[PDB]
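Here's the structure, in structure tokens; my notes come after.
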Amino acid sequence: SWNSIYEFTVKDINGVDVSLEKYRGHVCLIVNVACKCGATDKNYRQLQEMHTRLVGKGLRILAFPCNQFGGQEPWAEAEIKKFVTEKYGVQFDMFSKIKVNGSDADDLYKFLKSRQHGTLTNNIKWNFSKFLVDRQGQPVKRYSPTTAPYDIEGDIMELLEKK
Ligand SMILES: [Li+]
């Protein structure tokens, strides 16, 4: 019966559980991440630039580490946090590691995938897929891993302009 992302609670990268009610009224870009992928640098760099450009306008970027793709997120949370903060200066919201596929996927990802279908098949295909969520907590677009974060900015602006 879940009707929006606000129904879910997740553990942040510091081990602090937070309800996604926190994000009511903001546009969210939800990204599954990994530190040991060939596109790690470009995704984190562009996400941090987009955070800096758009956080004041209502964008919230949420990054969920996940080790389901090629064993590319093997580290624990403290090490992930240190890596991304020291290398990229990440200021957006980082979470504890989850699964995005299978029956043990976080309910947030079960929900996201139930709202926006992937290309051909529905499982998350690799690290750095993106879901765009409007100011009412509705997932309204999904982008494949190879989509540069910058190419999502136009769609973000449309949703930021809405009430
Ligand atoms: Li499928």
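Residue numbering restarts at 1 in every chain; chains get A, B, ... in the order shown in the structure tokens, and ligands count up from 1 in that same order.
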ask   = Mind listing the residues within 9 Å of ligand 1, only C-alpha atoms and all ligand atoms counted, as a VMD selection string?
value = chain A and resid 118 120 to 123
For stretch 15-19 of chain A: contacts at 12 Å, only C-alpha atoms, fewer than 3 positions along chain excluded, given as a ChimeraX atom specification = /A:4-12,22-24,76-78,81,93-97,108
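Minimum atom-to-atom distance to residue A:63, evaluated using only C-alpha atoms, belongs to A:130 out of A:42, A:141, A:110, A:130.
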message = So that I can check the surroundings of stretch 124-129 of chain A, please list as a PyMOL selection string every protein, DNA and RNA residue that reaches within 12 Å of it, counting only C-alpha atoms and ignoring chain neighbours fewer than 4 positions away.
response = chain A and resi 29-44+46-47+62-73+99-102+105+109-110+112-114+116-120+141-149+152
For the residues in that selection, give me C-alpha atoms as a PDB file, in the first residue's frame.
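Produced file again39.pdb, reproduced below:
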ATOM      1  CA  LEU A  29      17.538  12.180  -6.674  1.00  0.00           C
ATOM      2  CA  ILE A  30      18.129   8.680  -5.288  1.00  0.00           C
ATOM      3  CA  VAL A  31      21.309   6.959  -6.457  1.00  0.00           C
ATOM      4  CA  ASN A  32      22.769   3.529  -5.637  1.00  0.00           C
ATOM      5  CA  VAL A  33      26.525   3.961  -5.358  1.00  0.00           C
ATOM      6  CA  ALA A  34      29.817   2.056  -5.231  1.00  0.00           C
ATOM      7  CA  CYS A  35      33.385   3.229  -4.665  1.00  0.00           C
ATOM      8  CA  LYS A  36      35.212   0.747  -6.953  1.00  0.00           C
ATOM      9  CA  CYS A  37      33.566   1.287 -10.351  1.00  0.00           C
ATOM     10  CA  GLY A  38      35.021   2.979 -13.455  1.00  0.00           C
ATOM     11  CA  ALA A  39      32.291   5.635 -13.301  1.00  0.00           C
ATOM     12  CA  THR A  40      32.588   6.292  -9.544  1.00  0.00           C
ATOM     13  CA  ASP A  41      34.560   9.504 -10.056  1.00  0.00           C
ATOM     14  CA  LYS A  42      32.324  11.032 -12.713  1.00  0.00           C
ATOM     15  CA  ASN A  43      29.103  10.218 -10.839  1.00  0.00           C
ATOM     16  CA  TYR A  44      30.305  11.550  -7.461  1.00  0.00           C
ATOM     17  CA  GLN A  46      28.753  15.563 -10.968  1.00  0.00           C
ATOM     18  CA  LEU A  47      26.436  14.773  -8.026  1.00  0.00           C
ATOM     19  CA  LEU A  62      20.396  10.515  -1.458  1.00  0.00           C
ATOM     20  CA  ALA A  63      23.219   7.985  -2.033  1.00  0.00           C
ATOM     21  CA  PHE A  64      22.773   4.322  -1.059  1.00  0.00           C
ATOM     22  CA  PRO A  65      25.912   2.143  -1.125  1.00  0.00           C
ATOM     23  CA  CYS A  66      25.267  -1.333  -2.519  1.00  0.00           C
ATOM     24  CA  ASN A  67      27.646  -4.269  -3.008  1.00  0.00           C
ATOM     25  CA  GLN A  68      25.450  -6.325  -5.406  1.00  0.00           C
ATOM     26  CA  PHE A  69      27.313  -5.293  -8.594  1.00  0.00           C
ATOM     27  CA  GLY A  70      30.708  -6.823  -9.193  1.00  0.00           C
ATOM     28  CA  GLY A  71      31.674  -6.601  -5.498  1.00  0.00           C
ATOM     29  CA  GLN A  72      32.321  -2.886  -6.128  1.00  0.00           C
ATOM     30  CA  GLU A  73      31.266  -1.620  -2.671  1.00  0.00           C
ATOM     31  CA  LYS A  99      20.530  -4.315  -1.335  1.00  0.00           C
ATOM     32  CA  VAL A 100      18.534  -2.956  -4.294  1.00  0.00           C
ATOM     33  CA  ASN A 101      17.607  -6.290  -5.949  1.00  0.00           C
ATOM     34  CA  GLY A 102      16.094  -9.512  -4.668  1.00  0.00           C
ATOM     35  CA  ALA A 105      16.277  -5.341  -1.146  1.00  0.00           C
ATOM     36  CA  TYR A 109      14.038   0.157  -3.620  1.00  0.00           C
ATOM     37  CA  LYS A 110      11.169  -2.308  -3.864  1.00  0.00           C
ATOM     38  CA  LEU A 112      11.090   2.763  -6.440  1.00  0.00           C
ATOM     39  CA  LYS A 113      11.179  -0.209  -8.848  1.00  0.00           C
ATOM     40  CA  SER A 114       7.403  -0.704  -8.421  1.00  0.00           C
ATOM     41  CA  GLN A 116       9.285   3.212 -12.604  1.00  0.00           C
ATOM     42  CA  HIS A 117      10.182   0.322 -14.879  1.00  0.00           C
ATOM     43  CA  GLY A 118      13.721  -0.158 -16.167  1.00  0.00           C
ATOM     44  CA  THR A 119      14.755  -0.831 -19.766  1.00  0.00           C
ATOM     45  CA  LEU A 120      13.366  -4.247 -20.813  1.00  0.00           C
ATOM     46  CA  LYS A 141      11.581   9.026 -13.681  1.00  0.00           C
ATOM     47  CA  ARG A 142      14.314   6.397 -13.689  1.00  0.00           C
ATOM     48  CA  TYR A 143      17.734   6.666 -15.384  1.00  0.00           C
ATOM     49  CA  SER A 144      20.087   3.869 -16.280  1.00  0.00           C
ATOM     50  CA  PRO A 145      23.640   3.666 -14.814  1.00  0.00           C
ATOM     51  CA  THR A 146      25.403   5.287 -17.791  1.00  0.00           C
ATOM     52  CA  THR A 147      23.207   8.427 -17.551  1.00  0.00           C
ATOM     53  CA  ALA A 148      25.451  11.291 -16.512  1.00  0.00           C
ATOM     54  CA  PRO A 149      23.972  13.079 -13.461  1.00  0.00           C
ATOM     55  CA  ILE A 152      19.138  14.778 -15.268  1.00  0.00           C
TER      56      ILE A 152
END
request  = Tell me, as a ChimeraX atom specification, which residues lie within 12 Å of residue A:159, counting only C-alpha atoms; anything in the same chain fewer than 6 positions away does not count.
outcome  = /A:25-29,54,57-59,132-141,152-153
message = Going by DSSP on the backbone, which residues of stretch 15-145 of chain A come out as strand (DSSP E or B)? List them as a ChimeraX atom specification.
response = /A:17-19,27-33,59-65,93-95,130-133,139-143
Restricted to C-alpha atoms, what would the selected residues look like written as a PDB file, in the first residue's frame?
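Writing the result to selection26.pdb gives the following:
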ATOM      1  CA  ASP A  17      17.994   5.805  11.301  1.00  0.00           C
ATOM      2  CA  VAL A  18      15.939   8.458   9.561  1.00  0.00           C
ATOM      3  CA  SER A  19      12.441   8.448   8.160  1.00  0.00           C
ATOM      4  CA  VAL A  27      12.817  16.976  -5.090  1.00  0.00           C
ATOM      5  CA  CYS A  28      14.990  13.919  -4.490  1.00  0.00           C
ATOM      6  CA  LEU A  29      17.538  12.180  -6.674  1.00  0.00           C
ATOM      7  CA  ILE A  30      18.129   8.680  -5.288  1.00  0.00           C
ATOM      8  CA  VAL A  31      21.309   6.959  -6.457  1.00  0.00           C
ATOM      9  CA  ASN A  32      22.769   3.529  -5.637  1.00  0.00           C
ATOM     10  CA  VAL A  33      26.525   3.961  -5.358  1.00  0.00           C
ATOM     11  CA  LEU A  59      17.098  19.332  -4.477  1.00  0.00           C
ATOM     12  CA  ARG A  60      18.147  16.527  -2.100  1.00  0.00           C
ATOM     13  CA  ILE A  61      20.504  13.830  -3.342  1.00  0.00           C
ATOM     14  CA  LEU A  62      20.396  10.515  -1.458  1.00  0.00           C
ATOM     15  CA  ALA A  63      23.219   7.985  -2.033  1.00  0.00           C
ATOM     16  CA  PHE A  64      22.773   4.322  -1.059  1.00  0.00           C
ATOM     17  CA  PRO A  65      25.912   2.143  -1.125  1.00  0.00           C
ATOM     18  CA  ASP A  93      23.141  12.657   2.130  1.00  0.00           C
ATOM     19  CA  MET A  94      24.972   9.322   2.434  1.00  0.00           C
ATOM     20  CA  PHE A  95      23.367   6.123   3.710  1.00  0.00           C
ATOM     21  CA  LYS A 130      19.070   7.121 -10.575  1.00  0.00           C
ATOM     22  CA  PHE A 131      15.439   7.687  -9.527  1.00  0.00           C
ATOM     23  CA  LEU A 132      13.913  11.166  -9.617  1.00  0.00           C
ATOM     24  CA  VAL A 133      11.223  11.829  -6.979  1.00  0.00           C
ATOM     25  CA  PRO A 139       9.109   8.469  -8.208  1.00  0.00           C
ATOM     26  CA  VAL A 140       8.431   9.860 -11.680  1.00  0.00           C
ATOM     27  CA  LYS A 141      11.581   9.026 -13.681  1.00  0.00           C
ATOM     28  CA  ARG A 142      14.314   6.397 -13.689  1.00  0.00           C
ATOM     29  CA  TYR A 143      17.734   6.666 -15.384  1.00  0.00           C
TER      30      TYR A 143
END
ask   = Got a sec to tell me which of stretch 20-114 of chain A DSSP assigns to helix (DSSP H, G or I), as a ChimeraX atom specification?
value = /A:20-23,40-57,77-88,107-114
ask   = By how many Å are atom CA of residue A:79 and atom CA of residue A:107 apart?
value =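 Separating atom CA of residue A:79 from atom CA of residue A:107 is a distance of 24.8 Å.
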Point-to-point distance in Å for atom CA of residue A:98 and atom CA of residue A:56 =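 The value is 28.0 Å.
For the pair atom CA of residue A:3 and atom CA of residue A:157, the separation is 23.4 Å.
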message = Measuring between only C-alpha atoms, which one of A:104, A:89, A:84, A:163 shows the shortest distance to residue A:13?
response =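 Answer, going by the shortest atom-to-atom distance: A:84.
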